[PDB]
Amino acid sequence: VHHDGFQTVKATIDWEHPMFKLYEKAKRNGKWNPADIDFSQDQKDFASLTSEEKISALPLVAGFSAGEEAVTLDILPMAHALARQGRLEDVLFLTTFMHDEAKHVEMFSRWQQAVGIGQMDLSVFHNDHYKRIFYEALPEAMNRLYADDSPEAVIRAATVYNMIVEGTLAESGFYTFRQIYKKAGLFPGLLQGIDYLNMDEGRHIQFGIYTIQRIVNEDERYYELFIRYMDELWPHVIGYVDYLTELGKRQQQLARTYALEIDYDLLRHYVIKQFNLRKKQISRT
């Protein structure tokens, strides 16, 4: 369907737009390249482990590799919907969002290749709760935007993607990686990647907050929808956390070997804290 005109012909970019400012920060802070990460010591760490210790790390990597790939594919309908609404600065920013996710997919896949598990199918560590979030609910909410870009639909898409997948699960997985392997001295290349990912993710979450708040600013009754959509997904968030916890409690050899009191009760509470504080970053008024 035709373009009726172009903002940068009739006028200019809105230089003061919050998403233009976020785009500018993304360019400045987004230079890192996964191809430059030295994974040679990760290969050695992984080979040094027993099979039982090897396993310990794979469920979390399985969750991230699928998650990064899902969000790379599934952000495209948001870019389309805001493009069709004429929100040029949002779209400029989203090009950095999408390119970030591509690098995130690349990073975890390089690590798998380097440590020797590229040929292993890690889908076995996706339980029903994970699938409900990543194989179903996320693509459903985003793809809806192609035929329904109502405020309700945009709120739901940003809530599932930015507040739950990124702002609750991703943030907690970054924390979990540091709490376990940074402590152990293991996988320095992976943890360099996690640090870069965590920096990118901050901008993604801020886009989600901006998006949800500007819709809530129009009609405070959308605040109730945001809360409702957060709570709808919580059972799957915690059901996946519990599954990963149960796997950690059953395979403890990496913990013993490296003297890690991995506090699964603390990890759980970090997740609950992440979820509650995303809710508090949306002001009803």
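We number the residues from 1 along the sequence you see.
If you average the C-alpha B-factors over 253-261 and over 237-245, the higher value belongs to 253-261. Checked against the record, the higher mean CA B factor of 177-185 and 199-207 lies with 177-185. For the set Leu60, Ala66, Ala35, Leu225, the PDB entry puts the maximum C-alpha B factor at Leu225. Residue-level temperature factors show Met230 in the middle third of its chain, judged at the C-alpha atom. When the modelled residues of the chain are ordered by their C-alpha B factor, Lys10 lands in the middle third. Placement of the Cα temperature factor of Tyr270 within the chain: highest third of the modelled residues, per the deposited record.
In the PDB entry, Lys54 places in the highest third of its chain by CA B-factor.
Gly86: CA B factor in the lowest third of modelled residues in this chain (values from the PDB entry).
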